[PDB]
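Have a look at entry_39.cif; it's mmCIF, C-alpha atoms:
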```cif
data_final
loop_
_atom_site.label_atom_id
_atom_site.label_comp_id
_atom_site.auth_asym_id
_atom_site.auth_seq_id
_atom_site.Cartn_x
_atom_site.Cartn_y
_atom_site.Cartn_z
CA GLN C 1 26.19 6.01 -9.53
CA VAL C 2 24.06 7.73 -6.86
CA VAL C 3 25.13 6.39 -3.49
CA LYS C 4 22.30 5.66 -1.02
CA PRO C 5 22.86 7.66 2.20
CA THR C 6 23.91 5.59 5.22
CA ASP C 7 23.94 8.46 7.74
CA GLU C 8 22.80 7.18 11.16
CA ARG C 9 20.40 10.14 11.55
CA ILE C 10 18.17 8.41 8.95
CA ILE C 11 15.39 6.54 10.80
CA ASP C 12 14.69 3.00 9.52
CA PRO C 13 11.07 3.26 8.29
CA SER C 14 10.28 -0.43 8.56
CA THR C 15 10.22 -0.46 12.37
CA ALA C 16 9.36 3.22 12.99
CA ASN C 17 5.89 2.38 14.16
CA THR C 18 5.34 3.91 17.64
CA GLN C 19 2.14 5.95 17.91
CA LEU C 20 2.88 9.66 18.37
CA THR C 21 1.13 12.12 20.70
CA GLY C 22 1.02 15.90 21.27
CA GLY C 23 -0.20 17.06 17.87
CA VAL C 24 -0.91 20.64 16.91
CA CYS C 25 -4.08 20.66 14.78
CA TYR C 26 -5.52 22.79 12.00
CA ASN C 27 -9.20 22.43 11.15
CA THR C 28 -9.61 24.94 8.27
CA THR C 29 -8.13 25.73 4.88
CA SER C 30 -4.73 27.30 5.40
CA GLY C 31 -4.74 29.42 2.21
CA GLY C 32 -1.41 28.05 0.97
CA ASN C 33 1.77 27.05 2.68
CA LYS C 34 2.15 27.94 6.37
CA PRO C 35 5.61 27.66 7.95
CA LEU C 36 6.02 25.52 11.05
CA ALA C 37 7.85 26.89 14.11
CA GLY C 38 11.36 25.50 14.58
CA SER C 39 11.08 23.44 11.40
CA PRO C 40 12.20 23.68 7.79
CA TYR C 41 8.75 22.41 6.74
CA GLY C 42 5.41 23.99 6.01
CA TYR C 43 1.90 22.55 5.99
CA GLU C 44 -1.13 23.15 3.80
CA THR C 45 -4.77 22.17 4.21
CA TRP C 46 -7.60 22.31 1.72
CA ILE C 47 -10.82 21.69 3.63
CA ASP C 48 -13.88 22.46 1.51
CA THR C 49 -16.54 23.96 3.87
CA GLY C 50 -19.20 22.29 1.68
CA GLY C 51 -18.19 19.00 3.46
CA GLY C 52 -17.80 17.63 7.03
CA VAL C 53 -15.10 18.03 9.72
CA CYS C 54 -11.40 17.58 8.63
CA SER C 55 -8.08 18.24 10.40
CA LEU C 56 -4.31 17.91 10.04
CA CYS C 57 -2.23 17.63 13.23
CA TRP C 58 1.54 18.05 13.11
CA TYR C 59 3.57 15.95 15.56
CA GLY C 60 6.27 18.61 15.92
CA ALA C 61 9.94 19.15 15.22
CA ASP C 62 11.49 16.62 17.61
CA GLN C 63 9.84 13.26 16.95
CA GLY C 64 8.60 11.16 14.04
CA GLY C 65 11.29 12.51 11.68
CA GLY C 66 9.99 16.08 11.98
CA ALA C 67 7.28 16.01 9.30
CA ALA C 68 4.90 13.42 10.80
CA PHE C 69 1.21 14.29 10.98
CA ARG C 70 -2.22 12.80 11.52
CA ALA C 71 -5.22 13.77 9.40
CA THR C 72 -8.94 13.05 9.69
CA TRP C 73 -11.87 13.59 7.34
CA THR C 74 -15.60 13.14 7.70
CA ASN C 75 -17.36 13.22 4.33
CA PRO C 76 -14.99 15.79 2.77
CA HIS C 77 -15.13 17.08 -0.76
CA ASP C 78 -11.55 16.36 -1.85
CA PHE C 79 -9.66 16.93 1.41
CA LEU C 80 -5.90 17.55 0.91
CA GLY C 81 -3.56 17.63 3.88
CA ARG C 82 0.18 17.94 3.23
CA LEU C 83 3.42 18.77 4.98
CA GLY C 84 7.05 18.98 3.86
CA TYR C 85 9.39 21.19 1.87
CA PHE C 86 8.18 24.50 0.60
CA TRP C 87 10.47 26.03 -2.01
CA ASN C 88 9.12 28.40 -4.71
CA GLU C 89 12.52 30.13 -5.06
CA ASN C 90 13.17 29.83 -8.81
CA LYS C 91 15.15 26.60 -8.72
CA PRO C 92 14.84 23.37 -10.76
CA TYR C 93 14.51 20.02 -8.95
CA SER C 94 18.21 19.26 -9.49
CA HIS C 95 19.17 22.20 -7.29
CA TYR C 96 17.88 20.13 -4.32
CA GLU C 97 20.03 17.12 -5.27
CA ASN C 98 18.80 13.64 -4.17
CA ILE C 99 15.58 14.00 -2.17
CA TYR C 100 14.36 11.12 0.02
CA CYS C 101 11.39 10.58 2.30
CA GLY C 102 11.23 7.82 4.94
CA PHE C 103 7.68 7.12 6.10
CA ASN C 104 5.53 4.89 8.23
CA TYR C 105 1.83 5.40 8.88
CA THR C 106 -1.48 3.75 9.72
CA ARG C 107 -4.70 4.66 7.98
CA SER C 108 -8.39 3.73 7.84
CA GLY C 109 -9.29 0.81 5.60
CA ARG C 110 -10.56 0.22 2.10
CA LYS C 111 -13.41 2.52 0.97
CA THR C 112 -12.94 5.15 3.69
CA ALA C 113 -11.74 7.92 1.39
CA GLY C 114 -14.29 8.05 -1.48
CA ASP C 115 -13.83 7.10 -5.11
CA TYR C 116 -10.31 8.46 -5.48
CA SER C 117 -7.57 9.16 -2.94
CA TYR C 118 -3.81 9.53 -2.86
CA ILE C 119 -1.00 9.02 -0.33
CA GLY C 120 2.60 9.91 -1.07
CA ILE C 121 4.60 12.86 -2.33
CA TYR C 122 3.05 15.90 -3.98
CA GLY C 123 3.88 19.33 -5.31
CA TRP C 124 3.91 21.75 -8.21
CA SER C 125 6.54 23.21 -10.49
CA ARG C 126 6.60 26.06 -13.03
CA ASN C 127 8.17 26.01 -16.45
CA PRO C 128 7.30 29.34 -18.15
CA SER C 129 9.69 28.84 -21.08
CA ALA C 130 7.99 25.58 -22.16
CA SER C 131 6.89 25.89 -25.81
CA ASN C 132 3.60 24.15 -25.04
CA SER C 133 1.53 26.51 -22.86
CA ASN C 134 -0.21 23.44 -21.29
CA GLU C 135 3.15 22.41 -19.80
CA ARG C 136 4.07 25.71 -18.12
CA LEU C 137 2.43 24.63 -14.87
CA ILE C 138 2.83 21.13 -13.39
CA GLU C 139 1.09 19.36 -10.47
CA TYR C 140 2.85 16.12 -9.45
CA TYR C 141 2.22 12.97 -7.38
CA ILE C 142 4.32 9.99 -6.33
CA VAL C 143 1.54 7.62 -5.13
CA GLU C 144 2.65 5.02 -2.56
CA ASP C 145 -0.82 3.94 -1.45
CA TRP C 146 -4.52 4.75 -1.57
CA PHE C 147 -7.82 3.67 -0.03
CA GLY C 148 -9.28 1.83 -3.07
CA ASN C 149 -13.02 2.23 -3.48
CA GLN C 150 -16.18 0.09 -3.95
CA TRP C 151 -14.83 -1.28 -7.27
CA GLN C 152 -11.12 -1.73 -6.63
CA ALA C 153 -9.13 -3.01 -3.65
CA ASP C 154 -6.66 -0.69 -1.84
CA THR C 155 -4.10 -3.48 -2.43
CA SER C 156 -4.54 -2.93 -6.23
CA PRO C 157 -2.74 0.09 -7.78
CA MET C 158 -4.90 2.84 -9.27
CA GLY C 159 -4.74 3.34 -13.03
CA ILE C 160 -5.70 5.90 -15.66
CA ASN C 161 -9.44 5.39 -14.96
CA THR C 162 -8.73 7.21 -11.68
CA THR C 163 -5.92 9.62 -12.65
CA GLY C 164 -6.99 10.35 -16.23
CA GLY C 165 -4.39 10.68 -18.97
CA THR C 166 -1.85 8.51 -20.68
CA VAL C 167 0.63 5.87 -19.49
CA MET C 168 4.04 7.15 -20.63
CA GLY C 169 6.21 4.38 -19.27
CA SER C 170 7.44 2.78 -16.08
CA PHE C 171 10.49 1.93 -13.99
CA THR C 172 11.46 0.12 -10.81
CA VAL C 173 12.74 1.84 -7.66
CA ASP C 174 12.39 1.38 -3.88
CA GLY C 175 11.14 -2.17 -4.25
CA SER C 176 8.32 -1.75 -6.78
CA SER C 177 7.50 -0.94 -10.36
CA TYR C 178 5.92 2.51 -10.84
CA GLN C 179 3.63 3.37 -13.74
CA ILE C 180 4.27 6.87 -15.04
CA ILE C 181 1.24 8.82 -16.25
CA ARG C 182 0.79 12.29 -17.73
CA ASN C 183 -2.62 13.95 -17.59
CA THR C 184 -3.83 17.34 -18.86
CA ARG C 185 -6.17 19.32 -16.59
CA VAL C 186 -8.21 21.52 -18.97
CA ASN C 187 -9.47 24.80 -17.52
CA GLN C 188 -9.17 23.55 -13.91
CA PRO C 189 -8.30 25.17 -10.55
CA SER C 190 -4.58 25.58 -9.80
CA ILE C 191 -2.02 27.59 -7.82
CA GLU C 192 -2.24 30.10 -10.76
CA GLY C 193 -6.07 30.24 -11.05
CA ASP C 194 -8.38 28.34 -13.42
CA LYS C 195 -6.23 27.27 -16.37
CA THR C 196 -4.90 24.35 -18.37
CA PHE C 197 -1.87 22.57 -16.85
CA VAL C 198 -0.32 19.09 -16.70
CA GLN C 199 -0.18 16.45 -13.99
CA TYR C 200 2.63 13.92 -13.59
CA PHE C 201 2.07 10.69 -11.65
CA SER C 202 4.20 7.78 -10.55
CA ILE C 203 1.88 5.04 -9.28
CA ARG C 204 3.48 2.42 -7.07
CA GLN C 205 2.35 -0.98 -8.36
CA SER C 206 2.75 -2.61 -4.94
CA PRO C 207 1.07 -0.17 -2.46
CA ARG C 208 2.70 0.18 0.97
CA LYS C 209 2.45 2.06 4.24
CA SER C 210 6.15 2.31 5.12
CA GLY C 211 9.47 2.61 3.34
CA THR C 212 11.72 5.16 1.63
CA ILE C 213 10.81 7.18 -1.47
CA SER C 214 13.73 8.11 -3.73
CA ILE C 215 11.92 11.21 -4.94
CA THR C 216 14.61 12.53 -7.30
CA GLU C 217 14.59 9.21 -9.18
CA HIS C 218 11.00 9.94 -10.23
CA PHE C 219 11.85 13.47 -11.32
CA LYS C 220 14.70 12.14 -13.50
CA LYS C 221 12.53 9.45 -15.14
CA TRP C 222 9.71 11.92 -15.84
CA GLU C 223 12.15 14.31 -17.53
CA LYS C 224 13.58 11.47 -19.70
CA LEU C 225 10.01 10.82 -21.00
CA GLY C 226 9.65 14.50 -21.89
CA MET C 227 7.66 15.33 -18.76
CA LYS C 228 9.71 18.36 -17.87
CA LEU C 229 9.47 20.06 -14.50
CA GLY C 230 11.05 23.42 -15.39
CA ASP C 231 13.05 25.90 -13.37
CA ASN C 232 10.86 26.81 -10.37
CA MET C 233 9.90 23.96 -8.05
CA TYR C 234 7.06 25.03 -5.77
CA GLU C 235 7.16 22.36 -3.03
CA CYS C 236 7.74 18.72 -2.18
CA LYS C 237 5.41 17.49 0.53
CA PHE C 238 3.89 14.33 1.97
CA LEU C 239 0.17 14.26 1.13
CA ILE C 240 -3.03 12.55 2.10
CA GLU C 241 -5.88 13.33 -0.32
CA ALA C 242 -9.39 11.94 0.25
CA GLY C 243 -12.14 12.42 -2.33
CA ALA C 244 -14.89 11.61 0.20
CA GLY C 245 -15.60 9.01 2.93
CA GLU C 246 -14.79 8.96 6.67
CA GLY C 247 -11.27 8.04 7.54
CA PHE C 248 -7.89 8.86 9.00
CA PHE C 249 -4.17 8.89 8.32
CA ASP C 250 -1.68 8.75 11.22
CA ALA C 251 2.07 8.88 10.57
CA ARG C 252 4.60 7.49 13.04
CA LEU C 253 7.38 8.68 10.70
CA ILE C 254 7.75 11.25 7.95
CA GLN C 255 11.43 12.14 7.55
CA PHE C 256 12.68 14.16 4.58
CA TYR C 257 16.38 14.27 3.79
CA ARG C 258 18.58 15.40 0.90
CA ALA C 259 21.98 14.02 -0.10
CA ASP C 260 24.44 14.58 -2.90
CA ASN C 261 25.54 11.82 -5.32
CA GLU C 262 28.20 10.63 -2.84
CA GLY C 263 25.36 10.09 -0.37
CA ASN C 264 26.41 12.79 2.09
CA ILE C 265 23.57 14.53 3.86
CA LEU C 266 22.82 18.13 2.82
CA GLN C 267 19.63 18.43 4.92
CA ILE C 268 17.90 16.16 7.48
CA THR C 269 15.44 16.49 10.39
CA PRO C 270 15.38 16.43 13.30
CA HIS C 271 25.37 12.14 25.52
CA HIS C 272 23.04 9.09 26.03
#
```

So, in terms of structure tokens, how does the structure I just supplied come out?
Amino acid sequence: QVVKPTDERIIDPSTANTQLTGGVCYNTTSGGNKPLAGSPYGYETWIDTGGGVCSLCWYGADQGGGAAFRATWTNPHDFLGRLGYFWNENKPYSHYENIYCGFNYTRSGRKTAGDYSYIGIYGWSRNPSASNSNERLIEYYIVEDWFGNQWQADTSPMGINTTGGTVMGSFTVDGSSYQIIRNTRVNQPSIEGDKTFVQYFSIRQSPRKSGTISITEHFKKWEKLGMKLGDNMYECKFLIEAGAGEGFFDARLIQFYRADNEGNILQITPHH
């Protein structure tokens, strides 16, 4: 079928756990994607000035897989820090072939990120020809982990009481079942202004802080359930989102790579 890449440039996430230094930090809302020097990636921050101090610090092009970052928040109102591929060039997900992300991070503990929080992969896509106007804009999450809250352990996967919406199905990939959820955001803020749009989630049933995410596998399973992504992928980034609380996220590894079905590398970052 799809051959898992074995290219030696891929960093084993399980043992990629050395603390990084020399971050470059951003303490305010970026106003969208901002390209990173000497990198294929871009970052984005949403730091609501109604709340306390937040930051995202990129570890640079030449260590940690190239997309590693730290983030901090002190009583935010829905802090989002993210870094990874920025696309928005009128292409469907399949144009990018098999997308993978190897990761390894530390984070603050249970109940340090408010009542909801998300760690994993995030983006948007556009599908203007969709018959249902609600489905012409999509926000998406592949949720590897979260901070739990007062009511629920961070070792317990979030459900529809947190995400909203409807369980569509599930599947198993990368060592865990994932619950697939579709939610409609009615007259809510988006990359296209206040409107109605849909959210797609895959929630990892066994939360984790390191491993590899076979991102394209999620996209395929969503589309099979009728959760279509359309023909203009916006981005595919590694995200930390914190509803509130005082906490941190600190990646030793975030490495994106893309491979075709034979498993040959199309894109990867970064003598003895």

Given the file above and the PyMOL selection byres ((chain C and resi 119-123) around 8), which residues are selected, and can you give them as a compact mmCIF listing (two decimals) with C-alpha atoms, in the frame of the given file?
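Wrote result-v3.txt, looks like this:
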```txt
# COMPACT_ATOMS: atom_id res chain seq x y z
CA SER C 117 -7.57 9.16 -2.94
CA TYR C 118 -3.81 9.53 -2.86
CA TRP C 124 3.91 21.75 -8.21
CA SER C 125 6.54 23.21 -10.49
CA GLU C 139 1.09 19.36 -10.47
CA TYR C 140 2.85 16.12 -9.45
CA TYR C 141 2.22 12.97 -7.38
CA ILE C 142 4.32 9.99 -6.33
CA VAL C 143 1.54 7.62 -5.13
CA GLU C 144 2.65 5.02 -2.56
CA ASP C 145 -0.82 3.94 -1.45
CA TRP C 146 -4.52 4.75 -1.57
CA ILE C 215 11.92 11.21 -4.94
CA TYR C 234 7.06 25.03 -5.77
CA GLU C 235 7.16 22.36 -3.03
CA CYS C 236 7.74 18.72 -2.18
CA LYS C 237 5.41 17.49 0.53
CA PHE C 238 3.89 14.33 1.97
CA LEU C 239 0.17 14.26 1.13
CA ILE C 240 -3.03 12.55 2.10
CA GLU C 241 -5.88 13.33 -0.32
```

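Shortest separation to residue C:65 among C:244, C:10, C:137, C:130 occurs at residue C:10, atoms counted being only C-alpha atoms.
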
Residues in the PyMOL selection byres ((chain C and resi 75) around 9), expressed as number ranges by chain: C: 51-54, 73-74, 76-77, 113-114, 243-247

Residue by residue, what does the PyMOL selection byres ((chain C and resi 198) around 9) grab here? Present the result as a list in words. residues 134, 135, 136, 137, 138, 139, 140, 182, 183, 184, 185, 186, 196, 197, 199 and 200 of chain C

Residue contacts of residue C:8 (12 Å, all atoms listed in the file) excluding same-chain residues fewer than 2 positions away, as a PDB file with C-alpha atoms, in the frame of the given file:
```pdb
ATOM      1  CA  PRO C   5      22.860   7.660   2.200  1.00  0.00           C
ATOM      2  CA  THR C   6      23.910   5.590   5.220  1.00  0.00           C
ATOM      3  CA  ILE C  10      18.170   8.410   8.950  1.00  0.00           C
ATOM      4  CA  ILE C  11      15.390   6.540  10.800  1.00  0.00           C
ATOM      5  CA  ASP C  12      14.690   3.000   9.520  1.00  0.00           C
ATOM      6  CA  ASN C 264      26.410  12.790   2.090  1.00  0.00           C
ATOM      7  CA  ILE C 265      23.570  14.530   3.860  1.00  0.00           C
ATOM      8  CA  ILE C 268      17.900  16.160   7.480  1.00  0.00           C
ATOM      9  CA  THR C 269      15.440  16.490  10.390  1.00  0.00           C
TER      10      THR C 269
END
```

I want to know what sits within 10 Å of residue C:63, based on all atoms listed in the file, with residues of the same chain fewer than 2 positions away left out; could you give that as a count of residues only? 15

Return the single residue from C:221, C:34, C:271, C:258 that is closest to residue C:101, with distances computed using only C-alpha atoms.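 Between C:221, C:34, C:271, C:258, the residue approaching residue C:101 most closely is C:258.
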
Have a look at C:210, C:261, C:170, C:190 and name the one nearest to residue C:224; count all atoms listed in the file.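 Closest to residue C:224, using all atoms listed in the file: C:170.
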
Measuring between only C-alpha atoms, which one of C:116, C:175, C:132, C:69 shows the shortest distance to residue C:150? C:116
